[PDB]
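This document contains two forms of one protein chain, each encoded as structure tokens and listed individually as structure 1 and structure 2.
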Structure 1
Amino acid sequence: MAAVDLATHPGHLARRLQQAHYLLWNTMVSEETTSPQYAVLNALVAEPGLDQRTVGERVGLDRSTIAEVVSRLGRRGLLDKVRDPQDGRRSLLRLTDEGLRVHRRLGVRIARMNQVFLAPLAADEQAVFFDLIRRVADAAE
């Protein structure tokens, strides 16, 4: 009988934001490297030799998605996977030179995407936006 106003539904806005993100990424950044792949590349630039489990916890990707990403980056020779010598049943991840090279290249394009993405907002609003969305994203903790 009664329809709802989707403009007040956070999930509706969430889907549309991610679609916009997926569009901007494939248009301005890459059709080969996905954003979760970049996220993993970045985590390994920040902390070389990081445990695969820890990488997942850091960039917000589950254990299966991380395994998939690591496999794909590995196949492309952007990433090296090695057994943790101390804990033989743990895996450590390091970027190759080409992996670092890909990460650097994409970062230039991403910087352009983000300016496009954030252009509708004033500077003070951008900070607020970052804070609010992160807090709402943690609602599924």
Structure 2
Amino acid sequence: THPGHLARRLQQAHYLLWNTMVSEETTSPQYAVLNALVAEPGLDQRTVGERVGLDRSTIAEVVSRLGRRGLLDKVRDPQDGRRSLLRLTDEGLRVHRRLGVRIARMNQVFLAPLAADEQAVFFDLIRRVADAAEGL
């Protein structure tokens, strides 16, 4: 059987579709940051890292890259000088919108070999397996 092998395949297959149907340039974590900042403009970097579940070094790297692409701006907080506020640029908003449409299409294509009834089973079974393993 080999369910460890199968789980890695499933995750890799999703990563492959992200790269072919969403973007070869914007990664999933980068998009999550744009997404968090659409919902909460001006959120500080530390909190943005928390929203998307990234450590301080990875969020620093993501923010630097999005900054260099002109997709977000970073301002030192006027009040607390040792936090930085992040805000999307006009182009960052545009990129977030375009990618969102592609992501929705991509995930529909990912699940498309399954009939609607099977997709619900797919989620149920995988959730039960992941939940039980993480519950020890």
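Take the two forms, superpose them, and find the largest set of C-alpha atoms that agree within 1.5 Å; that set is the rigid core. FYI, numbering is relative to structure 1, first residue = 1. Shifts are known only where both forms have a C-alpha.
Core-aligned CA deviation for residue 14 between the two structures: 2 Å or greater. Of the two rigid parts, the smaller turns 25 degrees against the larger between the two structures, judged by C-alpha superposition. Once the core of the two forms is superposed, the Cα of residue 113 has moved 1.2 Å between the two structures.
In the rigid-core superposition between the two structures, residue position residue 135 carries a C-alpha shift of 9.1 Å.
In sequence order, the runs of three or more residues whose C-alphas all shift by 2 angstroms or more between the two structures, with the rigid core superposed, are 8-18, 116-141.
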